[PDB]
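Please read the structure below before turning to the comments.
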Amino acid sequence: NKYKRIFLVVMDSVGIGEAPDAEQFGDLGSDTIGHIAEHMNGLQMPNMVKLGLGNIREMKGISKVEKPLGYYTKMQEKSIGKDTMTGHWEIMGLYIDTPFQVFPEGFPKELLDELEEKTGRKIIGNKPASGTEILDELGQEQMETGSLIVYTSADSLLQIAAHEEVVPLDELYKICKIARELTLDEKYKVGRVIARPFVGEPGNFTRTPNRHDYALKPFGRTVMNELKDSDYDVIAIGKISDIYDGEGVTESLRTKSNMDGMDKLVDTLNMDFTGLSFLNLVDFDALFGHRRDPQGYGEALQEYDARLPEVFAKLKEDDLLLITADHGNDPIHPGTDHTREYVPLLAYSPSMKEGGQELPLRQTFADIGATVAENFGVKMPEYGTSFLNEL
Ligand SMILES: [Mn+2]
Ligand SMILES: [Mn+2]
Ligand SMILES: [Mn+2]
């Protein structure tokens with residue numbers, strides 16, 4: 001192995017400008033990092049800049065350096081979706097040609113009729129809601145009738161709530177497996193079905209820990225699967241294990257915040273593993289992009305950048321650090337959805353004694369997966385082209 005350890009960091013949603021196909025996704029004008037930098041009157045990410053961020057693209061406060069520490073370029077998404085699952089699946093060697101559906105006016109009647117027919121229970125609600133709100137609204141009716149509450153969010157989710165005394169947990173889990181099968185159809189294709197059992201009574205309903213999730217498996221064997229199969233470590237930090245439905249994961253390190261995720265990254269630098277340590281930093285997307293909060297996004301980016309020196313100091317000569325994103329989510333764009341953007345790519349090892357250079361633009365995010373696969377001598381993904389031998 002050329003590198004013993006690869007540390008891969010996805011700054012979730014940290015896009016570096018509208019992609020060539022942004023118009024088809026309603027995303028003309030989008031620029032995540034750029035528009036944050038404008039809002040801040042200069043974004044301050046001095047560690048990312050020394051890696052080469054400004055050499056990718058100069059932005060306010062983000063300037064070129066003569067001798068970047070690592071290699072730098074951007075990557076273009078090939079897959080049809082701009083969601084977190086698609087972007088991550090593509091990073092790890094896949095090509096996804098159907099989108100995950102969302103249902104802002106509720107699920108279509110034909111899907112709900114099928115679910116009612118197969119379960120023998122009637123369905124109520126059928127709208128975007130928070131869990132708390134929909135129980136307050138419909139919990140009593142659900143208890144009294146034995147119906148199922150089906151609700152969704154702005155994300156590709158189908159959630160089914162029922163009182164544990166009224167619909168036994170075993171049946172609720174069977175109902176969700178049925179729903180999971182029905183939602184494999186391309187017209188109804190949802191990212192995750194979630195069992196939402198609750199207890200209590202009107203004015204005091206509680207969602208129980210008996211929640212279970214039925215996520216879609218990645219559409220093919222990933223580079224993570226190949227690493228785990230070949231007896232390497234695959235250390236998933238944060239939402240990574242969920243995004244891949246555990247496929248190829250050997251250790252899952254749960255996190256509660258971006259700073260907790262950088263702590264866990266450091267924990268893995270301190271571990272004697274051979275393989276991949278893979279971090280998702282989700283707060284960028286969930287708290288700043290989706291909430292259209294550019295000031296918050298800028299502060300969060302600055303906080304993240306201030307953690308990098310500690311990472312740099314613990315990298316060894318045969319370690320490689322890769323920093324990228326999975327899509328954009330421009331916090332001044334209309335609506336609340338992701339934005340179809342190029343993503344940055346920085347590749348740094350302290351063995352780069354001459355500093356890095358510009359890499360050719362990556363035509364698919366799967367170039368990351370292909371590089372990781374070539375490094376560890378595992379079977380090459382069907383999509384992507386390695387840049388291992390250019391480092
Ligand atoms: Mn848009
Ligand atoms: Mn994402
Ligand atoms: Mn999102």
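To be explicit about the labels: the chains of the structure tokens are called A, B, and onward in the order shown, and within each one the residues are counted from 1, while ligands get numbers from 1 in the order they are shown.
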
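For ligand 2, the neighbouring protein, DNA and RNA residues, which are those within 8 Å when only C-alpha atoms and all ligand atoms are counted, are residues 12, 13, 83, 84, 85, 87, 88, 282, 285, 325, 326, 327 and 328 of chain A.
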
Selection near region 372-377 of chain A, 8 Å with only C-alpha atoms, sequence-local residues under 6 positions removed, as a ChimeraX atom specification: /A:1-3,6,223,226-227,275,386,388

Cut-off 12 Å: closest chain A/ligand 3 atom pairs per residue, using only C-alpha atoms and all ligand atoms, as a Markdown table:
```
| residue | atom | partner | partner_atom_place_in_ligand_line | distance |
| --- | --- | --- | --- | --- |
| A:11 | CA | ligand 3 | 1 (Mn) | 11.9 |
| A:12 | CA | ligand 3 | 1 (Mn) | 8.2 |
| A:13 | CA | ligand 3 | 1 (Mn) | 7.5 |
| A:14 | CA | ligand 3 | 1 (Mn) | 11.1 |
| A:82 | CA | ligand 3 | 1 (Mn) | 9.3 |
| A:83 | CA | ligand 3 | 1 (Mn) | 6.6 |
| A:84 | CA | ligand 3 | 1 (Mn) | 6.3 |
| A:85 | CA | ligand 3 | 1 (Mn) | 9.5 |
| A:86 | CA | ligand 3 | 1 (Mn) | 11.4 |
| A:87 | CA | ligand 3 | 1 (Mn) | 11.0 |
| A:153 | CA | ligand 3 | 1 (Mn) | 11.4 |
| A:154 | CA | ligand 3 | 1 (Mn) | 9.0 |
| A:155 | CA | ligand 3 | 1 (Mn) | 7.4 |
| A:156 | CA | ligand 3 | 1 (Mn) | 9.9 |
| A:239 | CA | ligand 3 | 1 (Mn) | 11.8 |
| A:243 | CA | ligand 3 | 1 (Mn) | 11.8 |
| A:281 | CA | ligand 3 | 1 (Mn) | 11.7 |
| A:282 | CA | ligand 3 | 1 (Mn) | 8.4 |
| A:283 | CA | ligand 3 | 1 (Mn) | 9.6 |
| A:284 | CA | ligand 3 | 1 (Mn) | 9.1 |
| A:285 | CA | ligand 3 | 1 (Mn) | 5.3 |
| A:286 | CA | ligand 3 | 1 (Mn) | 5.9 |
| A:287 | CA | ligand 3 | 1 (Mn) | 9.4 |
| A:288 | CA | ligand 3 | 1 (Mn) | 10.0 |
| A:289 | CA | ligand 3 | 1 (Mn) | 7.8 |
| A:290 | CA | ligand 3 | 1 (Mn) | 6.6 |
| A:291 | CA | ligand 3 | 1 (Mn) | 10.2 |
| A:292 | CA | ligand 3 | 1 (Mn) | 11.8 |
| A:326 | CA | ligand 3 | 1 (Mn) | 10.0 |
| A:327 | CA | ligand 3 | 1 (Mn) | 9.1 |
| A:328 | CA | ligand 3 | 1 (Mn) | 9.2 |
| A:329 | CA | ligand 3 | 1 (Mn) | 7.6 |
| A:330 | CA | ligand 3 | 1 (Mn) | 11.1 |
| A:331 | CA | ligand 3 | 1 (Mn) | 11.8 |
| A:336 | CA | ligand 3 | 1 (Mn) | 9.0 |
| A:337 | CA | ligand 3 | 1 (Mn) | 7.1 |
| A:338 | CA | ligand 3 | 1 (Mn) | 6.2 |
| A:339 | CA | ligand 3 | 1 (Mn) | 9.8 |
```

Can I get the selected residues back with N, CA, C and O atoms, as a compact mmCIF listing (two decimals), in the first residue's frame?
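Dumped to again.txt:
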```
# COMPACT_ATOMS: atom_id res chain seq x y z
N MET A 11 -17.18 17.56 4.01
CA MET A 11 -17.82 18.76 4.53
C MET A 11 -19.17 18.79 3.87
O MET A 11 -19.30 19.20 2.74
N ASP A 12 -20.21 18.27 4.51
CA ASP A 12 -21.45 18.04 3.81
C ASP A 12 -22.03 19.36 3.28
O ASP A 12 -22.24 20.32 4.02
N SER A 13 -22.29 19.39 1.98
CA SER A 13 -22.88 20.51 1.24
C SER A 13 -21.96 21.69 0.88
O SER A 13 -22.45 22.69 0.33
N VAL A 14 -20.66 21.59 1.15
CA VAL A 14 -19.77 22.73 0.98
C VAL A 14 -19.30 22.79 -0.49
O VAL A 14 -18.23 22.38 -0.90
N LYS A 82 -29.01 15.24 -6.49
CA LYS A 82 -28.11 16.14 -5.77
C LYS A 82 -28.25 15.95 -4.26
O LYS A 82 -27.91 16.82 -3.49
N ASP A 83 -28.73 14.79 -3.86
CA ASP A 83 -28.98 14.44 -2.42
C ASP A 83 -27.71 13.84 -1.78
O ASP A 83 -26.72 13.51 -2.46
N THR A 84 -27.73 13.69 -0.46
CA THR A 84 -26.57 13.24 0.32
C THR A 84 -26.27 11.80 0.00
O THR A 84 -25.10 11.45 -0.20
N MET A 85 -27.32 10.96 -0.17
CA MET A 85 -27.07 9.55 -0.49
C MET A 85 -26.38 9.38 -1.86
O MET A 85 -25.34 8.71 -1.98
N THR A 86 -26.94 10.01 -2.88
CA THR A 86 -26.35 9.96 -4.21
C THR A 86 -24.89 10.42 -4.21
O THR A 86 -24.02 9.71 -4.79
N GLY A 87 -24.63 11.59 -3.61
CA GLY A 87 -23.25 12.11 -3.62
C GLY A 87 -22.30 11.18 -2.94
O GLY A 87 -21.18 10.96 -3.42
N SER A 153 -41.12 14.42 5.65
CA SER A 153 -40.49 15.74 5.87
C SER A 153 -40.11 16.37 4.53
O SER A 153 -40.58 15.95 3.45
N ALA A 154 -39.23 17.40 4.58
CA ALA A 154 -38.64 17.95 3.33
C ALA A 154 -37.67 16.96 2.68
O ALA A 154 -37.40 17.07 1.49
N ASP A 155 -37.15 16.00 3.47
CA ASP A 155 -36.29 14.91 2.98
C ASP A 155 -37.05 13.68 2.40
O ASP A 155 -38.29 13.57 2.54
N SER A 156 -36.30 12.75 1.80
CA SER A 156 -36.92 11.58 1.12
C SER A 156 -37.16 10.48 2.17
O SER A 156 -36.40 9.47 2.30
N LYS A 239 -22.62 10.51 10.30
CA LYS A 239 -23.70 9.96 9.57
C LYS A 239 -23.25 8.93 8.51
O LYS A 239 -24.13 8.29 7.88
N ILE A 243 -25.69 6.59 5.95
CA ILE A 243 -25.73 6.93 4.53
C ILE A 243 -25.50 5.71 3.66
O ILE A 243 -26.16 5.56 2.61
N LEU A 281 -19.16 15.69 8.15
CA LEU A 281 -19.46 16.87 8.92
C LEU A 281 -20.81 17.41 8.43
O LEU A 281 -20.83 18.14 7.44
N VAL A 282 -21.86 17.14 9.16
CA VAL A 282 -23.22 17.34 8.65
C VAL A 282 -23.78 18.72 8.98
O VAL A 282 -24.76 19.13 8.36
N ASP A 283 -23.29 19.37 10.03
CA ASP A 283 -23.94 20.63 10.49
C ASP A 283 -24.03 21.69 9.36
O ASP A 283 -24.98 22.47 9.30
N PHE A 284 -23.01 21.75 8.47
CA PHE A 284 -23.03 22.68 7.33
C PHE A 284 -24.34 22.60 6.57
O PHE A 284 -24.94 23.63 6.23
N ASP A 285 -24.76 21.37 6.27
CA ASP A 285 -26.00 21.11 5.53
C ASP A 285 -27.24 21.33 6.39
O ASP A 285 -28.13 22.13 6.03
N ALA A 286 -27.31 20.64 7.52
CA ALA A 286 -28.57 20.57 8.34
C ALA A 286 -28.85 21.93 8.97
O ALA A 286 -29.99 22.38 8.94
N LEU A 287 -27.85 22.61 9.48
CA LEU A 287 -28.07 23.81 10.33
C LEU A 287 -27.93 25.12 9.61
O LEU A 287 -28.45 26.17 10.13
N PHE A 288 -27.17 25.12 8.50
CA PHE A 288 -26.82 26.36 7.82
C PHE A 288 -27.31 26.44 6.38
O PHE A 288 -27.94 27.44 5.97
N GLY A 289 -27.07 25.41 5.59
CA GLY A 289 -27.58 25.38 4.26
C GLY A 289 -29.10 25.35 4.18
O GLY A 289 -29.75 26.25 3.60
N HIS A 290 -29.67 24.38 4.85
CA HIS A 290 -31.12 24.20 4.81
C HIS A 290 -31.89 25.34 5.52
O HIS A 290 -33.03 25.70 5.14
N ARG A 291 -31.24 25.94 6.52
CA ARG A 291 -31.88 27.03 7.21
C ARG A 291 -31.58 28.40 6.50
O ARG A 291 -32.07 29.45 6.97
N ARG A 292 -30.83 28.39 5.38
CA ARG A 292 -30.48 29.61 4.60
C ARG A 292 -29.85 30.65 5.48
O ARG A 292 -30.34 31.79 5.60
N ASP A 326 -20.26 16.63 -0.92
CA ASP A 326 -21.14 15.71 -1.63
C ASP A 326 -22.18 16.37 -2.56
O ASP A 326 -22.93 15.63 -3.23
N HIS A 327 -22.30 17.71 -2.50
CA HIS A 327 -23.20 18.57 -3.28
C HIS A 327 -23.01 19.99 -2.72
O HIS A 327 -22.12 20.21 -1.88
N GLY A 328 -23.83 20.93 -3.17
CA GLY A 328 -23.85 22.25 -2.59
C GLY A 328 -25.11 22.37 -1.72
O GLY A 328 -26.04 21.61 -1.78
N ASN A 329 -25.17 23.44 -0.96
CA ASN A 329 -26.42 23.84 -0.33
C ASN A 329 -26.31 25.34 0.00
O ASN A 329 -26.06 25.71 1.14
N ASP A 330 -26.49 26.18 -1.01
CA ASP A 330 -26.08 27.59 -0.98
C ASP A 330 -27.05 28.35 -0.06
O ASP A 330 -28.30 28.41 -0.35
N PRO A 331 -26.51 28.97 1.02
CA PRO A 331 -27.43 29.51 2.00
C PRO A 331 -28.13 30.84 1.65
O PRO A 331 -28.93 31.33 2.45
N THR A 336 -35.30 25.73 0.02
CA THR A 336 -34.51 25.16 1.15
C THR A 336 -33.74 23.89 0.69
O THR A 336 -33.26 23.16 1.53
N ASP A 337 -33.68 23.62 -0.62
CA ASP A 337 -33.10 22.38 -1.12
C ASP A 337 -31.57 22.56 -1.37
O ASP A 337 -31.06 23.65 -1.50
N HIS A 338 -30.89 21.43 -1.52
CA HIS A 338 -29.50 21.42 -2.00
C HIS A 338 -29.36 22.13 -3.38
O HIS A 338 -30.34 22.40 -4.07
N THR A 339 -28.12 22.45 -3.76
CA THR A 339 -27.78 23.09 -5.00
C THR A 339 -26.74 22.25 -5.76
O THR A 339 -25.83 21.69 -5.12
```

Give one line per residue of chain A that approaches ligand 1 to at most 8 Å, naming the two atoms of the closest pair and their distance in Å to one decimal, counting only C-alpha atoms and all ligand atoms; sort by chain then ascending residue number and deliver it as a tab-separated table.
```
residue	atom	partner	partner_atom_place_in_ligand_line	distance
A:25	CA	ligand 1	1 (Mn)	6.2
A:26	CA	ligand 1	1 (Mn)	4.1
A:27	CA	ligand 1	1 (Mn)	3.8
A:28	CA	ligand 1	1 (Mn)	7.1
A:30	CA	ligand 1	1 (Mn)	7.5
A:333	CA	ligand 1	1 (Mn)	6.7
A:334	CA	ligand 1	1 (Mn)	6.4
A:335	CA	ligand 1	1 (Mn)	6.9
A:337	CA	ligand 1	1 (Mn)	6.6
A:338	CA	ligand 1	1 (Mn)	7.0
A:339	CA	ligand 1	1 (Mn)	5.6
A:340	CA	ligand 1	1 (Mn)	7.8
```

Write to file, as a CSV table (one decimal), in the first residue's frame, the residues of the selection just made, with N, CA, C and O atoms.
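Output saved as selection_14.csv:
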```csv
chain,number,residue,atom,x,y,z
A,25,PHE,N,-31.5,21.5,-12.7
A,25,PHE,CA,-31.8,21.3,-11.2
A,25,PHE,C,-32.4,22.5,-10.6
A,25,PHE,O,-32.6,22.5,-9.4
A,26,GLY,N,-32.6,23.6,-11.3
A,26,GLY,CA,-33.1,24.8,-10.8
A,26,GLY,C,-32.1,25.6,-10.0
A,26,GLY,O,-32.5,26.4,-9.1
A,27,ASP,N,-30.8,25.4,-10.3
A,27,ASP,CA,-29.7,25.9,-9.5
A,27,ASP,C,-28.8,26.9,-10.1
A,27,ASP,O,-27.7,27.1,-9.7
A,28,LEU,N,-29.2,27.6,-11.2
A,28,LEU,CA,-28.5,28.7,-11.8
A,28,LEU,C,-28.1,29.7,-10.7
A,28,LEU,O,-29.0,30.0,-9.8
A,30,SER,N,-26.1,29.3,-8.2
A,30,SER,CA,-25.7,28.8,-6.9
A,30,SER,C,-24.2,28.9,-6.8
A,30,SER,O,-23.4,28.6,-7.7
A,333,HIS,N,-29.6,30.8,-1.6
A,333,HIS,CA,-30.4,30.4,-2.7
A,333,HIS,C,-31.9,30.3,-2.3
A,333,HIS,O,-32.3,30.2,-1.1
A,334,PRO,N,-32.8,30.6,-3.2
A,334,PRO,CA,-34.2,30.3,-2.9
A,334,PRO,C,-34.6,28.9,-2.5
A,334,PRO,O,-33.9,28.0,-2.8
A,335,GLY,N,-35.7,28.8,-1.8
A,335,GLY,CA,-36.2,27.5,-1.4
A,335,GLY,C,-35.3,27.0,-0.2
A,335,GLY,O,-34.7,27.9,0.5
A,337,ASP,N,-33.7,23.6,-0.6
A,337,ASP,CA,-33.1,22.4,-1.1
A,337,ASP,C,-31.6,22.6,-1.4
A,337,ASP,O,-31.1,23.6,-1.5
A,338,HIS,N,-30.9,21.4,-1.5
A,338,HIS,CA,-29.5,21.4,-2.0
A,338,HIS,C,-29.4,22.1,-3.4
A,338,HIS,O,-30.3,22.4,-4.1
A,339,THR,N,-28.1,22.4,-3.8
A,339,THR,CA,-27.8,23.1,-5.0
A,339,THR,C,-26.7,22.3,-5.8
A,339,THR,O,-25.8,21.7,-5.1
A,340,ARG,N,-27.0,22.1,-7.1
A,340,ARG,CA,-26.1,21.3,-7.9
A,340,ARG,C,-24.8,22.0,-8.3
A,340,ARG,O,-24.8,22.9,-9.1
```

Residues near region 306-318 of chain A, cut-off 8 Å, only C-alpha atoms, skip fewer than 3 positions along chain, as a short mmCIF file (atom, residue, chain, number, x, y, z; two decimals) with C-alpha atoms, in the first residue's frame:
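Result written to result39.cif:
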```
data_model
loop_
_atom_site.label_atom_id
_atom_site.label_comp_id
_atom_site.auth_asym_id
_atom_site.auth_seq_id
_atom_site.Cartn_x
_atom_site.Cartn_y
_atom_site.Cartn_z
CA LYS A 2 1.29 3.43 -0.96
CA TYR A 3 -0.61 4.96 2.03
CA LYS A 4 -1.28 2.98 5.14
CA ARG A 5 -4.20 5.18 6.24
CA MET A 45 -10.15 29.47 6.38
CA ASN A 47 -5.62 26.12 6.79
CA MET A 262 -13.30 16.57 14.46
CA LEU A 265 -11.23 12.23 13.49
CA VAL A 266 -8.36 12.98 15.87
CA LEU A 269 -5.36 9.57 13.92
CA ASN A 270 -4.36 8.14 17.31
CA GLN A 302 -14.15 29.15 10.37
CA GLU A 303 -14.54 26.85 13.47
CA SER A 349 0.18 13.90 2.83
CA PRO A 350 3.28 15.20 4.74
CA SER A 351 5.29 13.01 2.37
#
```

Using only C-alpha atoms, determine which residues lie at most 8 Å from residue 119 (chain A), disregarding the query and same-chain residues fewer than 2 positions distant; provide the list as a list in words. residues 115, 116, 117, 121, 175 and 178 of chain A

Keeping C-alpha atoms, export the residues of the selection given above as a PDB file, in the first residue's frame.
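As a result, part00.pdb now contains:
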```
ATOM      1  CA  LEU A 115     -50.120   0.064   1.727  1.00  0.00           C
ATOM      2  CA  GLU A 116     -53.624  -0.007   3.192  1.00  0.00           C
ATOM      3  CA  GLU A 117     -54.517  -3.116   1.112  1.00  0.00           C
ATOM      4  CA  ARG A 121     -54.956  -0.837   8.320  1.00  0.00           C
ATOM      5  CA  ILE A 175     -45.792  -2.812   8.112  1.00  0.00           C
ATOM      6  CA  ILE A 178     -43.960  -3.780   3.450  1.00  0.00           C
TER       7      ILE A 178
END
```

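With only C-alpha atoms as the atoms that count, the minimum distance from residue 74 (chain A) to the choices A:257, A:324, A:152, A:183 is reached by A:324.
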
Could you find all residues in region 158-192 of chain A that DSSP calls strand (DSSP E) from the backbone, and write them as a PyMOL selection string? chain A and resi 158-163+192

Nearest residue to residue 131 (chain A) out of A:177, A:78, A:109, A:211, using only C-alpha atoms? A:211

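Between CA of residue 22 (chain A) and CA of residue 347 (chain A) lies a distance of 25.7 Å.
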
Residue 29 (chain A) proximity check over A:367, A:110, A:341, A:319, using only C-alpha atoms: winner is A:341

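Restricting the calculation to only C-alpha atoms, the smallest distance between residue 144 (chain A) and any of A:171, A:186, A:201, A:58 is found for A:201.
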